[PDB]
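**Q** I would like the atomic coordinates for the input below:
(4 chains, ligands or ions: 28)
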Protein chains: 4
Amino acid sequence: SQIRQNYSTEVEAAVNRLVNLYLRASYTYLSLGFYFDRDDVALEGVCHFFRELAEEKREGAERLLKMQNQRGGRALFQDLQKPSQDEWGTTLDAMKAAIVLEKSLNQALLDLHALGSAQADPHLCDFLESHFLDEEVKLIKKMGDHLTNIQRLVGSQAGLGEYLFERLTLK
Amino acid sequence: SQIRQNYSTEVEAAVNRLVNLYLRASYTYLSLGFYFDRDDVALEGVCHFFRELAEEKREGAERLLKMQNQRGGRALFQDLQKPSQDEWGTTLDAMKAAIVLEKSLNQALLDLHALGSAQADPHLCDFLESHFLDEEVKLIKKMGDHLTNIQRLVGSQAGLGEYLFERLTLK
Amino acid sequence: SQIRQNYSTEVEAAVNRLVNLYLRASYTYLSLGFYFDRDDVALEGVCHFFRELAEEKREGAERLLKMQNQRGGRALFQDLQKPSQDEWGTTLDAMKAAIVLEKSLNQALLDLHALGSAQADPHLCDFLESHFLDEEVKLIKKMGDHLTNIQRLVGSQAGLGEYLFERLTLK
Amino acid sequence: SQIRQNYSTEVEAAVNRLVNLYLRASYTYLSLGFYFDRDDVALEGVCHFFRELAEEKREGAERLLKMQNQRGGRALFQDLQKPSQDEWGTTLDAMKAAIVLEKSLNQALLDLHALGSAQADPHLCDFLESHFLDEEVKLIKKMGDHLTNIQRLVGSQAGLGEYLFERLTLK
Ligand SMILES: [O-][O-]
Ligand SMILES: [O-][O-]
Ligand SMILES: [O-][O-]
Ligand SMILES: [O-][O-]
Ligand SMILES: [O-][O-]
Ligand SMILES: [O-][O-]
Ligand SMILES: [O-][O-]
Ligand SMILES: [O-][O-]
Ligand SMILES: [Cl-]
Ligand SMILES: [Cl-]
Ligand SMILES: [Cl-]
Ligand SMILES: [Cl-]
Ligand SMILES: [Fe+3]
Ligand SMILES: [Fe+3]
Ligand SMILES: [Fe+3]
Ligand SMILES: [Fe+3]
Ligand SMILES: [Fe+3]
Ligand SMILES: [Fe+3]
Ligand SMILES: [Fe+3]
Ligand SMILES: [Fe+3]
Ligand SMILES: [Fe+3]
Ligand SMILES: [Fe+3]
Ligand SMILES: [Fe+3]
Ligand SMILES: [Fe+3]
Ligand SMILES: [Fe+3]
Ligand SMILES: [Fe+3]
Ligand SMILES: [Fe+3]
Ligand SMILES: [Fe+3]
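**A** Residues are numbered from 1 along each chain as shown, chains lettered A, B, ... in the order given. Ligands and ions are numbered 1, 2, ... in the order given. See the structure here:
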């Protein structure tokens, strides 16, 4: 590549893996969204929340792919593994699973920053810092908040709690 | 002081103490606010309510400091003692503590008015009347109202009550 | 904490100390501001300059407290030590003291970045970089500029120099 | 008087004396204003400052006269004694004399409040508090500030200091 400069094959490879993680997160959230749109679940605000996350994660992957090209790396695509579940249980189950997922994405971002740092690739480190690390931290805080409110509510009368959360907190 | 007129050293000293009480109230409310912003508490409307009070109390102190200068007194600052608690429990615990705090501020205002009256300092008395006494009374009424509503709600299912209060009453 | 990830107890503790430094800086600037508002000092542009800094430092502390919560740390508040002086002398004395203060805040920021770097906490490093390091550098440059102009002016006729600076440079 | 209620002849009499003090202050300020408008003094910003005060004091007297009528007292007018000087010296001399004058007006207001208090006349006390006491305190603070700045400036080169004050502080 005529443009490639200070961009290691290790970072290129990790970037392609991170794109796959993001597309997979996006796929997971798509399945979460349409689960809550079922007539027997019917929590529209939960559906909108996860469908918005499907979009965000897809955008994350595209920004990674745009960056890969800017550096002269080569995008390599792999199979996208289907989500870990077909049914997601209650809002509480679903938000717990979403937090697990975001934490693993965040861990992958931190591992990539550490690689970039080891490879002395400051553009990589800045790119993650600017576009991904802060947004992951903000998102995980939001989910933890949600989880605290769902839990507070589904003490007595789980059904009432679940309806109230979706109506009064979710968009 | 070329400007000082009818302004006793007793009133000057009490004014400096009242500034310290207000800054301390402000500090207490800052700690209340960020406690309710924790991911394991997550009552954003309670956080906004106390963060607004932190600001109000800070402004109260500045108005007192501006007045002290207008009269030719000398501002003297002391250590600000940290809030009485690190964790504030439920919304109910927190609102009870806030009411205790406001009542003690109000008592300090009343003691200063009584001093001003004893010293025949009408400008002091009017300044407190105009800017502090009415606002304290209105605020304490608001808190008592809140406390009544929290209590009414946290009879059965304390968690549901706490969520509903924060969603339907707080901003 | 359900959300805490890659956030060491060392960084949490240093963050709480930095909040205390900022609140203390804010307190110092409040005292600087009202000193220059005295009828026997009466340099309104110097008062506005330090009162603006009191506000900025308070905001710095709140951003740190918001961040602490975003990461799952626990805010811990301590006593705020009163400012180092009760009277601040001339504009020159005061600006020198302000520069000392800002330099020590900047040093605390640099020590926290070095800790974050040692702990491999990129979100911390980026957060300081983005919101604090640049603003401290810009502010310290501004103060040094001011100090040079005050000094140039208070060569002959210190009183005239001090009035002219406040009228023609300060807002 | 069909309307007179709780309005003692002592307060009525003191009110008429206070009107005379205000009209006399107004007259003093008129003479201060036109002195600084002389071609051999020529400090237009000082002239505007005192001419504005002549107007304020005249308004103070009219508010007192309107109040006297509202209570069923009878306005009684006396001779207005000419100002204490024909020439007012420097800006510094003039501002010192203005501060003396305002302090004596303020003292007369405080004596009238004390009378009103002794006579249990709350409407009188409130009327002074609302319209006169605060404005006197604010004005005296402003004058003291001015005096500090004039003094700071007329250390070396009294003429330069006097010109700069009038240009950069006065309207
Ligand atoms: O669209 O971000
Ligand atoms: O929505 O970004
Ligand atoms: O702002 O009151
Ligand atoms: O808000 O005052
Ligand atoms: O407000 O920064
Ligand atoms: O002002 O930031
Ligand atoms: O016109 O006051
Ligand atoms: O001008 O009142
Ligand atoms: Cl290379
Ligand atoms: Cl006195
Ligand atoms: Cl971890
Ligand atoms: Cl009667
Ligand atoms: Fe969308
Ligand atoms: Fe979006
Ligand atoms: Fe987006
Ligand atoms: Fe979008
Ligand atoms: Fe606000
Ligand atoms: Fe406010
Ligand atoms: Fe306010
Ligand atoms: Fe405000
Ligand atoms: Fe401001
Ligand atoms: Fe600001
Ligand atoms: Fe700001
Ligand atoms: Fe601001
Ligand atoms: Fe006018
Ligand atoms: Fe006017
Ligand atoms: Fe007026
Ligand atoms: Fe007018």
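
**Q** can we go C-alpha only for contacts and neighbour counts from here?
**A** Will do.

**Q** I figured residue A:140 hits residue A:102, correct?
**A** Yes: between residue A:140 and residue A:102 a contact is recorded at 6.7 Å, counting by C-alpha atoms under 8 Å.

**Q** So between those two, which is more surrounded?
**A** A side-by-side neighbour count of residue A:140 and residue A:102, using other C-alpha atoms under 10 Å in any protein chain shown, places residue A:140 first with 27 against 20.

**Q** if I look at residue A:90, how far off is residue A:140?
**A** Remark: distance between residue A:90 and residue A:140 (C-alpha to C-alpha, to the nearest Å) = 19 Å.

**Q** again with residue A:25
**A** Separation of residue A:25 from residue A:140 (C-alpha to C-alpha) stands at 14 Å.

**Q** Could I get the full set of helices for chain A?
**A** Secondary structure of chain A (DSSP state H): helices at A:9-36, A:44-71, A:91-118, A:122-128, A:134-153, A:158-168.

**Q** Of the ones you listed, which is nearest residue B:56?
**A** Ranking the helices of chain A by distance to residue B:56, with C-alpha to C-alpha as the measure, places helix A:134-153 first at 26.9 Å.

**Q** Just the buried positions in the closest one, please.
**A** Under the neighbour-count criterion of 16 or more other C-alpha atoms under 10 Å in any protein chain shown, helix A:134-153 has A:134, A:136-137, A:139-153 buried.

**Q** Can you pull out the residues in contact with that helix?
**A** A:91-92, A:95-96, A:98-99, A:102-103, A:106, A:161-162, A:165, B:38-42, B:159-160, B:163, C:2-3, C:70-72, C:123 (C-alpha atoms under 8 Å, 6 or more residues apart in numbering or on different chains).

**Q** now swap in stretch A:109-118 and tell me
**A** For stretch A:109-118, using C-alpha under 8 Å, 6+ apart, the contacting residues are A:10-11, A:14-15, A:18, A:122, A:124-125, A:128, A:132-133, C:120, C:122.

**Q** Just the buried residues out of the residues you listed, in PyMOL syntax.
**A** To isolate the buried ones among these in PyMOL, judged by 16+ other C-alpha under 10 Å, type:
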select buried, (chain A and resi 11+14+15+18+124+125+128+132+133) or (chain C and resi 120+122)
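
**Q** Tell me the spacing between the residue of chain A found nearest chain C and chain D.
**A** Chain C sits closest to residue A:141 of chain A, with a gap of 5.4 Å, by C-alpha to the nearest C-alpha. According to C-alpha to the nearest C-alpha, to the nearest Å, residue A:141 and chain D sit 49 Å apart.

**Q** Residue A:100 too?
**A** Residue A:100 sits 62 Å away from chain D, going by C-alpha to the nearest C-alpha.

**Q** for residue A:145, same thing?
**A** From residue A:145 over to chain D the distance is 49 Å, taken as C-alpha to the nearest C-alpha.

**Q** Repeat that for residue A:96.
**A** Residue A:96 is 61 Å from chain D, where distance means C-alpha to the nearest C-alpha.

**Q** residues touching that residue, list them.
**A** residue A:147.

**Q** Could you list the contact residues of chain A toward chain C?
**A** A:103, A:110, A:113-114, A:129-130, A:133-134, A:137-138, A:140-141, A:144 (C-alpha under 8 Å from any C-alpha of the partner chain).

**Q** Which two among those residues are spaced furthest apart?
**A** Distances among the residues of chain A next to chain C were taken as C-alpha to C-alpha; the most separated pair is A:114 and A:144, at 25.5 Å.

**Q** List the buried residues for stretch A:48-60?
**A** For stretch A:48-60, a neighbour-count test (16+ other C-alpha under 10 Å) marks A:48, A:49, A:50, A:51, A:53, A:54, A:55, A:56, A:57, A:58, A:60 as buried.

**Q** can you check stretch A:68-85 too?
**A** A:68, A:71, A:73, A:74, A:75, A:83.

**Q** Can you name the residue of chain A nearest to ligand 11?
**A** Proximity of chain A to ligand 11 (C-alpha to the ion) peaks at residue A:107, 8.4 Å away.

**Q** Quick check: that residue vs residue A:17, distance?
**A** Computed with C-alpha to C-alpha, the distance linking residue A:107 and residue A:17 is 13 Å.

**Q** List the contacts of the residue nearest to residue A:61 when sequence neighbours are not counted.
**A** Using C-alpha to C-alpha, 6 or more residues apart in numbering or on different chains and skipping the chain neighbours, the partner closest in space to residue A:61 is residue A:19 (4.9 Å). Neighbour list for residue A:19: A:60, A:61, A:62, A:64, A:65 [criterion: C-alpha under 8 Å, 6+ apart].

**Q** out of the residues you listed, which are buried?
**A** When neighbours are counted using 16+ other C-alpha under 10 Å, the contacts of residue A:19 contain these buried positions: A:60, A:61, A:64, A:65.

**Q** gap between the third one and residue A:77?
**A** In this view, residue A:64 and residue A:77 are 12 Å apart by C-alpha to C-alpha.

**Q** residues near the nearest residue to residue A:75 once chain neighbours are set aside, how many?
**A** Excluding the flanking residues, the one nearest residue A:75 by C-alpha to C-alpha, 6+ apart is residue A:16, at 6.1 Å. Residue A:16 has 20 neighbours, counted by other C-alpha under 10 Å.

**Q** quick one: contacts for residue A:16?
**A** Shown in contact with residue A:16 (C-alpha under 8 Å, 6+ apart): A:65, A:75, A:76, A:77.

**Q** Pick the one among these closest to ligand 10.
**A** Nearest to ligand 10 among the contacts of residue A:16 is residue A:65, at 77.7 Å by C-alpha to the ion.

**Q** Phi and psi next, for the closest residue to the closest one other than its chain neighbours.
**A** Of all residues not flanking residue A:65 in the chain, residue A:75 sits nearest, at 6.6 Å (C-alpha to C-alpha, 6+ apart). Here is the backbone geometry of residue A:75 (degrees, to the nearest 10): phi -60, psi 130.
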